[PDB]
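Undergrad: Input: one structure, supplied below.
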Amino acid sequence: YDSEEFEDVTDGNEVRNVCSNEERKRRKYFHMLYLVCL
Amino acid sequence: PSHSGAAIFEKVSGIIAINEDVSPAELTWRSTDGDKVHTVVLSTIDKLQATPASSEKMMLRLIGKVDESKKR
DNA sequence: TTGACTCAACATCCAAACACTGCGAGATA
């Protein structure tokens, strides 16, 4: 609330490649859904 | 008016003055008439809060620490 | 800038029939 409004101002110094099958299916479904929407 | 200007604390006018003369360089708030005094050791200040320009209420807030002997 | 290799780690396809109840362990008023 008070930190949400009043922004903290500070100087903090600081010196293979194939996914799972679940992701495969999720990508196929999301592809379809997205296509339809487009 | 760089490390020491006119600052408020507990609704009373004041004169902030950073005290960097000791091992802990601190922030001394000194009332404008001198009624209330409040010294803030910047050593414990975790981060500063400034009412950004979007915060037309120009209020800066000094975020402090939770030392092992203070934890609630 | 191209695609045909190989590698390895999965994924995916595809085959295609035995019954079901008896019988000894311990325990039992």
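Residue numbering restarts at 1 in every chain; chains get A, B, ... in the order shown in the structure tokens, and ligands count up from 1 in that same order.
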Which residues are close to region 11-26 of chain C, i.e. within 12 Å by only C-alpha atoms (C1' of nucleotides), leaving aside same-chain residues fewer than 4 positions away? Reply as a list in words.

TA: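 Contacts, with the query itself left out: residues 20, 21, 22 and 24 of chain A.
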
Undergrad: Residues of chain B near chain A: apply a cut-off of 9 Å, count only C-alpha atoms, and supply the list as a ChimeraX atom specification.

TA: /B:46-52,55,59-63

Undergrad: Could you write out that same residue set with C-alpha atoms as a compact mmCIF listing (two decimals), in the first residue's frame?

TA:
# COMPACT_ATOMS: atom_id res chain seq x y z
CA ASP B 46 17.69 -0.99 3.93
CA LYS B 47 16.38 1.19 1.08
CA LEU B 48 15.05 4.69 0.50
CA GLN B 49 11.51 5.49 -0.54
CA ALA B 50 10.78 8.64 -2.50
CA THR B 51 7.35 9.71 -3.54
CA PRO B 52 8.19 9.68 -7.26
CA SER B 55 3.46 11.08 -6.24
CA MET B 59 7.15 12.24 0.73
CA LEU B 60 10.29 10.15 1.06
CA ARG B 61 10.36 7.07 3.27
CA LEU B 62 13.43 5.49 4.88
CA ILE B 63 13.25 1.68 4.87

Undergrad: Apply DSSP to the backbone of this structure and, from chain B, keep only the residues in strand (DSSP E); write these as a PyMOL selection string.

TA: chain B and resi 4-5+14-19+26-31+37-41+47-50+60-63

Undergrad: Could you save those same residues with N, CA and C atoms as a tab-separated table (two decimals), in the first residue's frame?

TA:
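And here's again-v8.tsv as it stands now:
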chain	number	residue	atom	x	y	z
B	4	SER	N	21.55	18.43	4.66
B	4	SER	CA	20.84	19.00	5.79
B	4	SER	C	19.91	20.11	5.33
B	5	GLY	N	18.62	19.83	5.31
B	5	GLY	CA	17.63	20.80	4.90
B	5	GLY	C	16.46	20.76	5.85
B	14	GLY	N	10.87	20.70	10.63
B	14	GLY	CA	12.21	20.31	11.04
B	14	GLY	C	13.33	20.59	10.07
B	15	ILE	N	14.53	20.17	10.47
B	15	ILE	CA	15.76	20.43	9.74
B	15	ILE	C	16.54	19.13	9.74
B	16	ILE	N	16.40	18.35	8.67
B	16	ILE	CA	17.16	17.12	8.50
B	16	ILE	C	18.61	17.53	8.34
B	17	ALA	N	19.51	16.77	8.96
B	17	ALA	CA	20.94	16.97	8.80
B	17	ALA	C	21.61	15.62	8.93
B	18	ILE	N	22.19	15.13	7.84
B	18	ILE	CA	22.84	13.83	7.87
B	18	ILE	C	24.09	13.94	8.73
B	19	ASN	N	24.21	13.04	9.70
B	19	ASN	CA	25.38	13.00	10.57
B	19	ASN	C	26.27	11.86	10.09
B	26	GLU	N	24.74	8.87	9.94
B	26	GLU	CA	23.31	8.88	10.21
B	26	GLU	C	22.65	10.13	9.65
B	27	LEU	N	21.33	10.17	9.80
B	27	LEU	CA	20.49	11.26	9.33
B	27	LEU	C	19.81	11.88	10.53
B	28	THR	N	20.22	13.09	10.89
B	28	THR	CA	19.70	13.78	12.06
B	28	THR	C	18.58	14.71	11.62
B	29	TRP	N	17.35	14.41	12.05
B	29	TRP	CA	16.23	15.31	11.83
B	29	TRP	C	16.10	16.22	13.04
B	30	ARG	N	16.22	17.52	12.81
B	30	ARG	CA	16.20	18.52	13.87
B	30	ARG	C	15.06	19.49	13.59
B	31	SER	N	14.12	19.60	14.53
B	31	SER	CA	12.95	20.44	14.33
B	31	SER	C	13.37	21.86	13.94
B	37	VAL	N	13.43	15.95	17.84
B	37	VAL	CA	14.64	15.53	17.16
B	37	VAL	C	14.52	14.05	16.85
B	38	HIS	N	14.99	13.67	15.66
B	38	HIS	CA	14.93	12.28	15.23
B	38	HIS	C	16.14	11.98	14.38
B	39	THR	N	17.01	11.11	14.86
B	39	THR	CA	18.22	10.72	14.15
B	39	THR	C	18.01	9.36	13.51
B	40	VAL	N	18.21	9.30	12.20
B	40	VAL	CA	18.06	8.07	11.44
B	40	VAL	C	19.43	7.65	10.95
B	41	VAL	N	19.91	6.53	11.45
B	41	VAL	CA	21.21	6.00	11.06
B	41	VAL	C	21.02	5.32	9.70
B	47	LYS	N	16.62	0.55	2.36
B	47	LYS	CA	16.38	1.19	1.08
B	47	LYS	C	15.65	2.49	1.35
B	48	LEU	N	15.77	3.42	0.41
B	48	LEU	CA	15.05	4.69	0.50
B	48	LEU	C	13.75	4.58	-0.28
B	49	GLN	N	12.76	5.34	0.17
B	49	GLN	CA	11.51	5.49	-0.54
B	49	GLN	C	11.35	6.96	-0.85
B	50	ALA	N	11.08	7.27	-2.11
B	50	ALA	CA	10.78	8.64	-2.50
B	50	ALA	C	9.45	8.63	-3.22
B	60	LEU	N	9.28	11.18	1.14
B	60	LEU	CA	10.29	10.15	1.06
B	60	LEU	C	10.23	9.30	2.32
B	61	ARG	N	10.46	8.00	2.17
B	61	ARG	CA	10.36	7.07	3.27
B	61	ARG	C	11.65	6.25	3.37
B	62	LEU	N	12.11	6.06	4.60
B	62	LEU	CA	13.43	5.49	4.88
B	62	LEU	C	13.23	4.07	5.39
B	63	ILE	N	13.51	3.08	4.54
B	63	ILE	CA	13.25	1.68	4.87
B	63	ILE	C	14.40	1.14	5.69

Undergrad: At a cut-off of 12 Å, using only C-alpha atoms (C1' of nucleotides), what residues contact residue 11 (chain B)? Leave out same-chain residues fewer than 2 positions from it and give the result as a ChimeraX atom specification.

TA: /B:7-9,13-14,31-32,35-36

Undergrad: Just to be explicit: take each residue in the selection above, keep C-alpha atoms, and write the result as a PDB file, in the first residue's frame.

TA:
ATOM      1  CA  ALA B   7      12.405  18.100   6.924  1.00  0.00           C
ATOM      2  CA  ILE B   8       9.321  16.934   8.841  1.00  0.00           C
ATOM      3  CA  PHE B   9       8.839  14.161  11.409  1.00  0.00           C
ATOM      4  CA  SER B  13       8.552  21.235  11.026  1.00  0.00           C
ATOM      5  CA  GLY B  14      12.206  20.307  11.036  1.00  0.00           C
ATOM      6  CA  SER B  31      12.952  20.441  14.332  1.00  0.00           C
ATOM      7  CA  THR B  32      12.860  23.880  12.703  1.00  0.00           C
ATOM      8  CA  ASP B  35      10.969  20.868  19.404  1.00  0.00           C
ATOM      9  CA  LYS B  36      11.437  17.259  18.233  1.00  0.00           C
TER      10      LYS B  36
END

Undergrad: Could you work out which residues of chain C fall inside 10 Å of chain A? Count only C-alpha atoms (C1' of nucleotides), and format the result as a ChimeraX atom specification.

TA: /C:8-11

Undergrad: With C-alpha atoms (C1' of nucleotides) kept, could you save the residues just selected as a PDB file, in the first residue's frame?

TA:
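Dumped to selection01.pdb:
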ATOM      1  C1'  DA C   8      20.754 -40.543 -29.426  1.00  0.00           C
ATOM      2  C1'  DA C   9      16.917 -40.086 -26.950  1.00  0.00           C
ATOM      3  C1'  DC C  10      12.270 -40.783 -26.960  1.00  0.00           C
ATOM      4  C1'  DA C  11       7.735 -41.660 -29.127  1.00  0.00           C
TER       5       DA C  11
END
